[PDB]
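Novice: Please read through the structure below; I'll follow up with questions.
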6 protein chains.
Amino acid sequence: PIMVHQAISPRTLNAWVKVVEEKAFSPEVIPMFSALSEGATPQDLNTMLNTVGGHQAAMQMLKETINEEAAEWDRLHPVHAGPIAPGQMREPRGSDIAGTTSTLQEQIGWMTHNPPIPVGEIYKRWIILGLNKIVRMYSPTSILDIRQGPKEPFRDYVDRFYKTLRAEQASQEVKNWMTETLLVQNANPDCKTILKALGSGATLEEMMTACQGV
Amino acid sequence: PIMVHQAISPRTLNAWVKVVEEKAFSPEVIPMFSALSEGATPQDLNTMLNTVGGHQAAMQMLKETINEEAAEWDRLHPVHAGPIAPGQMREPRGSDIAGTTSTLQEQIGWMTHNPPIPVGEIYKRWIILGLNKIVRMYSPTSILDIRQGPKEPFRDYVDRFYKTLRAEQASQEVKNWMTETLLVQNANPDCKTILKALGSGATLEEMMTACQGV
Amino acid sequence: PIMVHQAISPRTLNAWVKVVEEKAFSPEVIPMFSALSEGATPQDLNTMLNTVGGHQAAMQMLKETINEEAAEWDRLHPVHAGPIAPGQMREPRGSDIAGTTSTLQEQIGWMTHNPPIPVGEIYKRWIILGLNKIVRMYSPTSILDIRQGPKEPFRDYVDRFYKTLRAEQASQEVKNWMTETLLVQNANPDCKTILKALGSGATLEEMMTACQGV
Amino acid sequence: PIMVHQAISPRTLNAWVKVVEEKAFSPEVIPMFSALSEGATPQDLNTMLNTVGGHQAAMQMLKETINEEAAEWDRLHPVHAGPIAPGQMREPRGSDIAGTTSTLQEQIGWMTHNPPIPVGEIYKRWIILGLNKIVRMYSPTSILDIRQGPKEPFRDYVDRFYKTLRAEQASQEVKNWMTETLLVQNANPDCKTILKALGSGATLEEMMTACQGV
Amino acid sequence: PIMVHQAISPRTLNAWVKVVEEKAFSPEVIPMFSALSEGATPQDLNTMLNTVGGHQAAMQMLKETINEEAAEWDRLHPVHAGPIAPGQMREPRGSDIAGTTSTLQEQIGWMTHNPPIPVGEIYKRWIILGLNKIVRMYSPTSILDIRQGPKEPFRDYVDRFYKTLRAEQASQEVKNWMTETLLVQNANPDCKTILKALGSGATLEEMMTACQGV
Amino acid sequence: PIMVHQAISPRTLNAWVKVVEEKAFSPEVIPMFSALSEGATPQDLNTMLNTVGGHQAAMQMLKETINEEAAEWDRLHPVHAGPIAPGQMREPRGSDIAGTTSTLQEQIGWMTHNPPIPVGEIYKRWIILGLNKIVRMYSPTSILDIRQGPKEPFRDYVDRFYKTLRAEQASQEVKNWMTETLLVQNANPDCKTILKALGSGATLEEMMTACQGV
Ligand SMILES: [Cl-]
Ligand SMILES: [Cl-]
Ligand SMILES: [Cl-]
Ligand SMILES: [Cl-]
Ligand SMILES: [Cl-]
Ligand SMILES: [Cl-]
Ligand SMILES: [Cl-]
Ligand SMILES: [Cl-]
Ligand SMILES: [Cl-]
Ligand SMILES: [Cl-]
Ligand SMILES: [Cl-]
Ligand SMILES: [Cl-]
């Protein structure tokens with residue numbers, strides 16, 4: 001990554017490869033990806049994606065999302081005809097942001113220049129957008145089906161609930177509705193009664209400590 | 001972390017991930033977290049939290065604590081209306097300290113500027129506050145129940161006592177009362193007699209060496 | 001690699017060696033190679049190749065490809081007779097780009113000089129060209145033979161399809177034809193009907209989510 | 001640690017944690033601790049101690065020793081009343097040296113300032129003092145009980161002798177008396193005769209090579 | 001290694017040690033050695049050799065080769081009598097290049113001085129010369145004995161051929177003769193016929209793809 | 001180690017610890033030690049020795065050798081009475097070189113000052129001197145007892161010979177006599193005849209290749 005240019009480290013690459021083998025597309029893979037690609041050029045971002053073996057339905061799916069975002073960027077940013085003056089550099093296309101039609105030096109130029117054109121962070125947003133689509137498709141369970149089993153420790157039910165909740169790509173408002181509606185509704189009879197008694201404004205801490213004995 | 005900005009290292013991230021898998025929320029997890037997040041920006045702190053898979057009841061609980069602290073910061077620090085002058089940067093909100101509504105560059109700006117606004121260390125205190133709440137809730141044993149078993153080496157009883165003591169979030173004054181009261185009271189008959197004979201001002205060293213033979 | 005010269009790191013070398021032992025010549029080996037050889041001089045590129053034990057039919061094959069590209073470079077770039085002036089350095093031959101007839105200092109000279117002569121990136125392209133030839137020869141399955149089995153989850157069929165597709169060295173236009181023709185054609189009866197109903201312009205996401213239940 | 005400030009490295013922390021799990025409080029733990037804490041601030045020293053899980057009787061014992069040394073420092077160094085001038089910084093208390101009542105910046109200030117106030121090395125001496133107390137208490141064998149068994153290779157007896165000797169916290173004069181008295185006295189009959197014949201001034205090398213055959 | 005002097009890294013040393021234990025004197029050991037000794041002083045080169053345990057017939061053999069090359073250097077470079085002036089440094093002998101009679105500082109002096117006297121790269125060539133002698137002696141199979149077995153995949157026969165070829169220290173002209181003569185001659189009947197039909201100028205790629213079905 | 005001071009790295013320390021556990025006092029331990037202690041101050045050298053657990057007969061033996069060398073240094077270098085002037089630093093005693101009576105800063109002073117007083121390299125020579133004494137004492141086999149067994153491959157006999165030779169601390173002249181006398185003398189009948197026929201000036205290479213078939 002990068003403001004002095006640097007190659008992607010052996011142990012960044014290796015760490016990313018192992019993450020995908022072990023955890024596939026579990027929600028936490030996406031923060032790991034972003035963490036390992038901090039300050040990454042499009043070339044470095046493409047490296048991480050291309051070094052993934054297997055999971056090629058998702059990697060192909062990711063390409064289409066990236067292409068869709070590229071087409072959208074080109075629509076909003078039409079390229080103007082003309083010779084690039086000595087002090088300036090050309091406007092990036094969608095394919096330049098995705099790294100397929102731009103050199104490393106062009107990518108370095110845009111990121112470092114005074115008006116920064118952060119193609120690294122733009123392309124990364126496109127990748128993360130497509131990764132979210134994969135997680136949601138690749139999640140086995142639906143949030144609607146998470147119901148506490150009889151004699152299930154609440155703590156284990158809440159772990160399953162917010163884990164499954166974590167893989168829906170839901171906005172904060174949508175995730176807020178699911179919490180106040182499904183969590184208490186789908187608790188088991190013994191603890192559900194207790195939770196109705198806490199009222200309409202109790203924290204998760206209060207709900208978990210309330211059903212700790214039961 | 002950071003005064004030159006730096007990305008979170010592959011082996012910092014990986015170390016933190018393994019800590020939580022192996023040790024869950026054992027008291028020592030919190031010092032490990034703080035150690036691995038030294039000089040961290042809110043973006044780096046959020047990275048560590050988001051890269052944790054599982055334990056999503058606690059991670060959700062942690063969000064509420066962070067939001068409570070954010071609401072408290074906003075109450076004490078009301079934002080004033082106006083255009084941010086060239087030489088200055090805006091006042092951070094609670095959400096800016098938690099990183100959700102601020103950019104990396106804004107976080108870098110506050111931490112490096114001459115009046116330092118250490119959003120990293122402020123947000124970290126909020127996270128550590130919530131981590132303490134988790135440890136205490138997630139501790140299986142109570143300090144009141146730690147009693148030395150018949151024929152139990154004192155050393156093993158003291159290990160269990162101060163381990164269980166370690167997970168209560170007790171102030172120094174509260175932890176002091178538990179030591180002078182419960183430790184000797186809940187020792188086994190043979191060693192308890194010996195300890196009453198040491199008097200009301202003996203060190204742990206003297207108590208452990210006194211009951212070494214018995 | 002390199003603009004200050006640096007030796008190839010112990011853990012770059014070791015990482016590359018393990019990659020080839022574990023994954024042989026699977027498509028992802030090539031992006032891994034390029035990633036680990038970022039900014040590499042021809043000497044560093046030769047190091048990575050020579051440190052590979054076994055697979056000597058491929059490594060020998062790679063030599064011929066490199067020699068073919070060297071012969072082509074010499075044809076296009078004929079060397080002129082004359083003593084190299086103090087301020088300049090000689091024109092590289094194909095063997096100079098491949099590192100066999102040039103010193104490390106000559107390779108450093110070309111890469112750093114004001115008109116950059118990127119022998120590292122030129123030789124790397126020749127190596128990657130030959131690596132593609134190996135992958136295609138060393139691929140066991142043909143893309144034509146990938147047919148979805150009865151009761152096979154589409155997701156698994158698409159994984160096999162784009163994995164096998166990945167090892168053909170096909171241009172984008174050739175890979176595009178295979179997608180729109182073979183993927184739907186070679187699906188199993190139950191899902192194939194569903195896919196004909198999506199129409200002639202649906203994304204992979206829509207095709208995978210359509211055949212998710214079936 | 002530090003004269004430019006630096007955070008404690010991931011692999012320093014991890015190394016220290018593993019040392020205590022594997023070797024507990026074996027004499028060599030103390031040199032390992034000092035080695036891993038070279039140039040450490042009190043904050044870094046507290047980190048290493050707090051990240052130790054288990055062994056909480058010793059860690060609590062260590063706190064008391066540190067508090068005793070703190071009380072002693074305060075007695076010898078009484079704090080004077082007054083506002084700290086711009087060019088100077090306040091006098092450290094015992095709690096400031098132990099890091100509990102001082103900030104990282106105050107600790108950095110004292111260590112770097114022209115009259116250096118090495119709170120890191122002072123606090124480290126207090127910690128090492130308490131670690132020695134633990135080793136001696138936690139040693140199972142006494143030096144008095146190490147007697148060479150019949151047919152025991154001297155080399156193995158000398159290994160046991162100086163290992164057990166190593167955990168007594170004995171001054172050089174006390175350890176010198178034990179060598180010249182117990183080592184030869186407690187050897188087995190066959191080798192003991194040989195050693196009396198070497199005389200009152202022979203080296204360990206001469207004693208070991210003398211009893212090599214026997 | 002080195003133009004600022006540096007000590008050999010822990011992980012360079014360890015990597016080299018493991019290479020020799022696992023792979024002995026397989027052809028690839030020599031490129032690994034050269035890679036790990038890039039920019040090495042004679043002291044660093046001697047370190048790598050001396051840290052090898054076992055294989056002492058080869059390490060002794062290597063000493064003689066180094067001594068032979070040293071004697072040859074002294075013959076070609078006779079030392080002149082005189083006091084070394086302040087601005088200059090003495091001429092290196094063979095033993096100075098091998099590090100046995102020169103200090104680290106003398107080795108640093110020669111490598112860094114304006115007329116560079118690369119004792120590191122000279123001594124390294126002597127070591128690599130002797131390593132080649134070992135590989136050839138320590139190779140179990142002869143290139144003459146590599147014959148394709150009945151029903152042996154050509155690819156496996158070519159792997160064995162160029163592996164065994166790799167350990168002969170043969171010049172390019174000698175290795176060229178073996179390829180065009182033995183490879184086709186010693187193929188099995190079914191594939192041999194096919195290869196005669198390709199003609200006297202076909203690549204390894206064409207030969208391997210020709211005998212792929214057979 | 002060091003001309004800017006640096007703390008001993010976590011992975012230097014750990015590497016040294018593992019070396020001694022796995023290989024004890026095999027000849028190669030000594031080059032490993034020297035390699036890992038390149039540029040080490042006496043404090044760093046003492047760290048490596050003190051972090052060794054077990055083997056305390058040898059570590060104690062090493063202390064005596066170091067003390068003997070210290071006494072010898074003091075005899076040759078008598079300390080003169082007087083106050084150390086501002087521009088100068090005091091003369092080191094034997095105990096100052098061994099680090100027991102000197103501070104880290106004094107050790108840094110001597111090593112960096114214009115007339116360098118390399119206490120690191122002096123003390124290291126004393127340690128290496130004592131390590132050689134240990135290896136020789138701790139070697140199980142004598143060079144005199146290495147005789148080639150009937151049907152033993154010469155290569156294996158030469159490995160045993162120069163391995164056992166390696167642990168005698170023999171000068172080059174003493175090791176030279178053992179080679180020309182014992183190696184051929186103690187070979188087995190079949191190969192011994194062959195070696196007498198090579199003559200009185202053949203290399204190890206010629207001797208090993210001569211007895212390769214037999
Ligand atoms: Cl993310
Ligand atoms: Cl969520
Ligand atoms: Cl903490
Ligand atoms: Cl506590
Ligand atoms: Cl590639
Ligand atoms: Cl593809
Ligand atoms: Cl110590
Ligand atoms: Cl001792
Ligand atoms: Cl080589
Ligand atoms: Cl070859
Ligand atoms: Cl040595
Ligand atoms: Cl030897």
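Identifiers in this document derive from the order of the structure tokens: chains are assigned A, B, ..., residues are numbered from 1 separately in each chain, and ligands are numbered from 1 in order of occurrence.
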Counting only C-alpha atoms, collect the residues of chain B whose closest atom lies at most 8 Å from chain A, and write them out as a CSV table (one decimal) with C-alpha atoms, in the first residue's frame.
Specialist:
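New file result.csv:
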chain,number,residue,atom,x,y,z
B,7,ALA,CA,-2.1,1.0,9.5
B,8,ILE,CA,-2.9,-1.8,12.0
B,9,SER,CA,-0.4,-4.5,11.5
B,10,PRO,CA,-1.3,-8.0,10.3
B,47,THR,CA,-11.5,-2.9,13.4
B,50,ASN,CA,-15.6,-5.9,14.3
B,51,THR,CA,-13.0,-8.6,13.4
B,52,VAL,CA,-14.3,-10.7,16.4
B,53,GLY,CA,-16.5,-13.5,15.2
B,54,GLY,CA,-19.0,-15.0,17.6
B,55,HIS,CA,-19.6,-13.6,21.1
B,56,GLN,CA,-22.2,-11.3,19.5
B,57,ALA,CA,-24.3,-10.9,22.6
B,60,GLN,CA,-23.8,-6.0,20.9
B,61,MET,CA,-23.8,-5.2,24.6
B,64,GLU,CA,-24.9,-0.1,23.9
B,137,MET,CA,-21.5,-10.7,33.8
Novice: For a test of reading the model, state the distance in Å between CA of residue 93 in chain C and CA of residue 71 in chain C, rounded to one decimal.
Specialist: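 Taking CA of residue 93 in chain C and CA of residue 71 in chain C, their separation equals 9.0 Å.
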Novice: As a compact mmCIF listing (two decimals) with N, CA, C and O atoms, in the first residue's frame, please: the residues near range 193-202 of chain C (cut-off 10 Å, only C-alpha atoms, same-chain neighbours under 3 positions excluded).
Specialist:
# COMPACT_ATOMS: atom_id res chain seq x y z
N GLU C 180 -22.08 -17.38 -21.22
CA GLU C 180 -23.44 -17.27 -21.74
C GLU C 180 -23.89 -18.53 -22.46
O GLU C 180 -25.10 -18.76 -22.58
N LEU C 183 -22.64 -22.44 -19.25
CA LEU C 183 -23.17 -22.42 -17.88
C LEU C 183 -24.64 -22.81 -17.81
O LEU C 183 -25.02 -23.71 -17.05
N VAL C 184 -25.49 -22.14 -18.58
CA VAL C 184 -26.91 -22.47 -18.56
C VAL C 184 -27.18 -23.78 -19.29
O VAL C 184 -27.97 -24.61 -18.82
N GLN C 185 -26.53 -23.99 -20.43
CA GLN C 185 -26.71 -25.21 -21.22
C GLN C 185 -26.43 -26.46 -20.40
O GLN C 185 -27.18 -27.45 -20.48
N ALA C 187 -26.43 -26.90 -17.12
CA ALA C 187 -27.08 -27.06 -15.83
C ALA C 187 -28.00 -28.28 -15.86
O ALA C 187 -28.37 -28.79 -16.93
N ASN C 188 -28.38 -28.74 -14.68
CA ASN C 188 -29.25 -29.91 -14.59
C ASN C 188 -30.70 -29.54 -14.94
O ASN C 188 -31.08 -28.37 -14.86
N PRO C 189 -31.50 -30.53 -15.36
CA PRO C 189 -32.85 -30.22 -15.88
C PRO C 189 -33.70 -29.29 -15.02
O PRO C 189 -34.30 -28.34 -15.54
N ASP C 190 -33.77 -29.55 -13.71
CA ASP C 190 -34.65 -28.77 -12.84
C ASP C 190 -34.27 -27.29 -12.80
O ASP C 190 -35.12 -26.42 -13.00
N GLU C 205 -25.68 -13.36 -9.70
CA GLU C 205 -26.45 -13.24 -8.47
C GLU C 205 -27.89 -13.68 -8.65
O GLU C 205 -28.43 -14.46 -7.85
N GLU C 206 -28.54 -13.19 -9.71
CA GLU C 206 -29.93 -13.58 -9.98
C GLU C 206 -30.04 -15.05 -10.34
O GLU C 206 -30.98 -15.73 -9.91
N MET C 207 -29.08 -15.58 -11.10
CA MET C 207 -29.11 -17.00 -11.44
C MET C 207 -28.90 -17.88 -10.21
O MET C 207 -29.58 -18.89 -10.05
N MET C 208 -27.98 -17.50 -9.33
CA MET C 208 -27.73 -18.32 -8.14
C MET C 208 -28.89 -18.26 -7.16
O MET C 208 -29.29 -19.29 -6.61
N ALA C 210 -31.96 -17.64 -7.94
CA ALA C 210 -33.11 -18.27 -8.57
C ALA C 210 -33.13 -19.78 -8.35
O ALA C 210 -34.18 -20.35 -8.03
N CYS C 211 -31.99 -20.44 -8.49
CA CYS C 211 -31.86 -21.88 -8.29
C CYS C 211 -31.44 -22.25 -6.88
O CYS C 211 -30.92 -23.35 -6.66
N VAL C 214 -34.25 -24.90 -5.62
CA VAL C 214 -34.15 -26.10 -6.45
C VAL C 214 -32.72 -26.65 -6.41
O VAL C 214 -32.38 -27.45 -5.54
Novice: Please indicate the distance in Å from CA of residue 128 in chain F to CA of residue 105 in chain F, rounded to one decimal place.
Specialist: 23.9 Å
Novice: Determine, counting only C-alpha atoms, which protein, DNA and RNA residues have an atom within 12 Å of an atom of residue 106 in chain E; residues of the same chain fewer than 2 positions away are not included. Present the result as a list in words.
Specialist: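 Here the qualifying residues turn out to be residues 41, 42, 43, 88, 89, 90, 91, 92, 93, 96, 97, 99, 100, 101, 102, 103, 104, 108, 109, 110, 111, 112, 113, 117, 118, 119 and 120 of chain E.
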Novice: What are the DSSP alpha helix (DSSP H) residues of range 98-200 of chain A, as number ranges by chain?
Specialist: A: 104-112, 119-138, 154-166, 172-178, 184-185, 189-198
Novice: Find the distance between CA of residue 21 in chain F and CA of residue 170 in chain F and write it in Å to one decimal.
Specialist: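 CA of residue 170 in chain F lies at a distance of 25.7 Å from CA of residue 21 in chain F.
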Novice: Which one of D:66, D:98, D:59, D:48 sits closest to ligand 3 if you count only C-alpha atoms and all ligand atoms?
Specialist: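 Closest to ligand 3, using only C-alpha atoms and all ligand atoms: D:48.
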